[PDB]
């Protein structure tokens, strides 16, 4: 399959002397790292968040980040201070690596400006996004022909340090990343869709890992009209999900929510509706 590590940076430039930097490290969609802007240090969120890396080499990484954040910010401020009507504006960066079975690791470094793609690091070249403006061509030119210390560092971080770190991180967090957390489920009666209609609701909460299957059922017959919400986070590193169905007042009887999740070991949660107001007795 596919596995990745990445850093995100969020730079908000409010005026020529006020900007804000934040960022964070991620194992696919699991956050593993914070950044303390105040002190310029890495916040290690889990007890395995150092991977197999020595404190020295993490401390070297943290200093290389401090220099970068201050330097990138100051260079942006130098350009943009020549026109104060450009403010406010936002730059986002996503940088890291991705491994595919049997391949060399692939590195990425992608930049957005005010919520659209601006430019990206493609092998050893910085390349303006399709529909390249003036801005994006100017920056790539500056990066390709006069910040060569920069490009080499970047290259080596995403192509060699990141994969190495990534694999240490997965090794040390093996237990935690593959753990299983069983969900609970419950029903409720959501808002009336119309005259003699009911909205049936099935909540599923506290599940990990993320993949999950929820349908309304009549016996073996999946109910076509089932609507899956988005899978939303809880604050204890689990997930949440509602599944709804619009039914005739009087067709609800016999219907059930069914949940399959990898933590349940084939023993699906099945909740039958009704006959009380909100799917209870």
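Positions refer to the first chain, counted from 1.
The PDB entry reports B-factors from which the mean C-alpha value can be compared for 10-18 and 269-277; the larger average falls on 269-277.
Of the two stretches examined, 41-49 and 220-228, the record assigns the greater average C-alpha temperature factor to 220-228. The top Cα temperature factor in the record, among 110, 161, 205, 129, falls on 129. Comparing C-alpha B-factors across 180, 82, 92, 120 in the deposited entry, the largest value falls on 82. Among the modelled residues of the chain, residue 87 sits in the middle third by CA temperature factor in this PDB entry. Annotation for residue 154: C-alpha temperature factor in the lowest third relative to the rest of the modelled chain, per the entry. When the CA B factors of the chain's modelled residues are split into thirds, the value for residue 115 lands in the lowest one. In the PDB entry, a CA B factor belonging to the highest third of its chain's modelled residues is recorded for residue 264. Placement of the Cα temperature factor of residue 196 within the chain: highest third of the modelled residues, per the deposited record.
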